[PDB]
Structure formats: structure tokens, C-alpha cells
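Q: TSV, N, CA, C and O atoms, saved as target01.tsv, coming up:
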chain	number	residue	atom	x	y	z
A	1	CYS	N	-48.46	35.56	-59.11
A	1	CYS	CA	-48.61	35.71	-60.58
A	1	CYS	C	-47.98	37.01	-61.05
A	1	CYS	O	-48.45	38.10	-60.71
A	2	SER	N	-46.91	36.90	-61.83
A	2	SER	CA	-46.22	38.08	-62.34
A	2	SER	C	-46.07	38.02	-63.86
A	2	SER	O	-45.32	37.19	-64.38
A	3	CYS	N	-46.79	38.88	-64.56
A	3	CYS	CA	-46.66	38.98	-66.00
A	3	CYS	C	-46.32	40.41	-66.42
A	3	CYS	O	-47.21	41.25	-66.58
A	4	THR	N	-45.04	40.68	-66.55
A	4	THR	CA	-44.58	42.00	-66.96
A	4	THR	C	-43.54	41.88	-68.07
A	4	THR	O	-43.37	42.76	-68.92
A	5	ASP	N	-42.87	40.74	-68.06
A	5	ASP	CA	-42.01	40.31	-69.16
A	5	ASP	C	-42.85	39.46	-70.09
A	5	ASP	O	-42.34	38.62	-70.84
A	6	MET	N	-44.15	39.72	-70.05
A	6	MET	CA	-45.15	38.87	-70.65
A	6	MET	C	-46.33	39.71	-71.12
A	6	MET	O	-46.64	40.74	-70.51
A	7	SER	N	-46.99	39.27	-72.19
A	7	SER	CA	-48.10	40.00	-72.75
A	7	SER	C	-49.37	39.75	-71.95
A	7	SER	O	-49.35	39.09	-70.90
A	8	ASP	N	-50.46	40.26	-72.47
A	8	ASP	CA	-51.76	40.14	-71.81
A	8	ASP	C	-52.34	38.75	-72.04
A	8	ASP	O	-52.79	38.09	-71.09
A	9	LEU	N	-52.31	38.30	-73.28
A	9	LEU	CA	-52.84	37.00	-73.65
A	9	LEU	C	-52.05	35.90	-72.96
A	9	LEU	O	-52.63	34.99	-72.36
A	10	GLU	N	-50.73	36.01	-73.01
A	10	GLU	CA	-49.86	35.02	-72.40
A	10	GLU	C	-50.06	34.97	-70.89
A	10	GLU	O	-50.01	33.90	-70.27
A	11	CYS	N	-50.30	36.14	-70.29
A	11	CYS	CA	-50.56	36.22	-68.86
A	11	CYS	C	-51.86	35.50	-68.52
A	11	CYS	O	-51.90	34.69	-67.60
A	12	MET	N	-52.91	35.79	-69.29
A	12	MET	CA	-54.20	35.15	-69.06
A	12	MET	C	-54.09	33.64	-69.22
A	12	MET	O	-54.78	32.89	-68.54
A	13	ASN	N	-53.20	33.20	-70.09
A	13	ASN	CA	-52.98	31.78	-70.31
A	13	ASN	C	-52.51	31.09	-69.04
A	13	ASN	O	-53.23	30.26	-68.48
A	14	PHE	N	-51.33	31.45	-68.56
A	14	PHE	CA	-50.71	30.72	-67.45
A	14	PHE	C	-51.37	31.07	-66.11
A	14	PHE	O	-51.37	30.27	-65.18
A	15	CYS	N	-51.94	32.27	-66.02
A	15	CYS	CA	-52.44	32.77	-64.75
A	15	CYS	C	-53.93	32.50	-64.58
A	15	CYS	O	-54.44	32.49	-63.46
A	16	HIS	N	-54.62	32.27	-65.68
A	16	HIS	CA	-56.06	32.03	-65.63
A	16	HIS	C	-56.41	30.63	-66.11
A	16	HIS	O	-57.54	30.36	-66.50
A	17	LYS	N	-55.44	29.72	-66.05
A	17	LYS	CA	-55.69	28.33	-66.46
A	17	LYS	C	-56.11	27.49	-65.28
A	17	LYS	O	-56.16	26.26	-65.36
A	18	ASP	N	-56.41	28.15	-64.19
A	18	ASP	CA	-56.85	27.47	-62.99
A	18	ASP	C	-58.05	28.18	-62.38
A	18	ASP	O	-58.38	27.97	-61.21
A	19	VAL	N	-58.69	29.02	-63.18
A	19	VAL	CA	-59.89	29.71	-62.73
A	19	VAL	C	-61.02	28.72	-62.55
A	19	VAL	O	-61.21	27.81	-63.36
A	20	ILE	N	-61.77	28.89	-61.47
A	20	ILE	CA	-62.79	27.93	-61.11
A	20	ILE	C	-64.15	28.35	-61.65
A	20	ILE	O	-65.08	27.54	-61.73
A	21	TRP	N	-64.26	29.61	-62.05
A	21	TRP	CA	-65.55	30.18	-62.46
A	21	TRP	C	-65.89	29.84	-63.91
A	21	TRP	O	-66.73	30.48	-64.53
A	22	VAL	N	-65.27	28.78	-64.41
A	22	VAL	CA	-65.49	28.35	-65.79
A	22	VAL	C	-66.65	27.37	-65.89
A	22	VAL	O	-66.79	26.65	-66.88
A	23	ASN	N	-67.47	27.37	-64.86
A	23	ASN	CA	-68.65	26.52	-64.80
A	23	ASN	C	-69.74	27.22	-64.01
A	23	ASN	O	-70.86	27.41	-64.50
A	24	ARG	N	-69.41	27.60	-62.79
A	24	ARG	CA	-70.31	28.34	-61.93
A	24	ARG	C	-69.75	29.73	-61.64
A	24	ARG	O	-68.57	29.87	-61.31
A	25	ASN	N	-70.59	30.74	-61.76
A	25	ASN	CA	-70.24	32.09	-61.36
A	25	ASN	C	-71.50	32.86	-61.02
A	25	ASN	O	-71.88	32.89	-59.83
Rewrite the structure of this file - the entire thing - as C-alpha cells.

A:
Amino acid sequence: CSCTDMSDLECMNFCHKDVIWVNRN
């Protein structure tokens, strides 16, 4: 995951769209 030519929100979008803790944490 490389977001440097990319903002924070946009990074969270593509890089955190597969986070598993969106139900259990």
C-alpha cells in the first residue's frame, strides 16, 4: 500500500476498503 501521490482520505479509501475490523474488534 503506497499513498504518497495520494491524499489521506483517498489512501484510506483504497487501502482500508478491505479492513476486517468493521464488525468485530

Q: Could you work out how far atom C of residue A:3 lies from atom O of residue A:25, giving the answer in Å with one decimal?

A: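 Going from atom O of residue A:25 over to atom C of residue A:3, I get 27.4 Å.
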
Q: Fewer than 5 positions away in the same chain doesn't count, so skip those; otherwise give me all residues within 8 Å of residue A:2, counting only N, CA, C and O atoms, as JSON, numbers by chain.

A: {"A": [7, 11, 15]}

Q: Using Å and a single decimal, report how far atom N of residue A:22 sits from atom CA of residue A:5.

A: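 Atom CA of residue A:5 sits 26.4 Å away from atom N of residue A:22.
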
Q: Please report the interatomic distance between atom O of residue A:19 and atom CA of residue A:1 in Å with one decimal.

A: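 Pair atom O of residue A:19 / atom CA of residue A:1 returns 15.1 Å.
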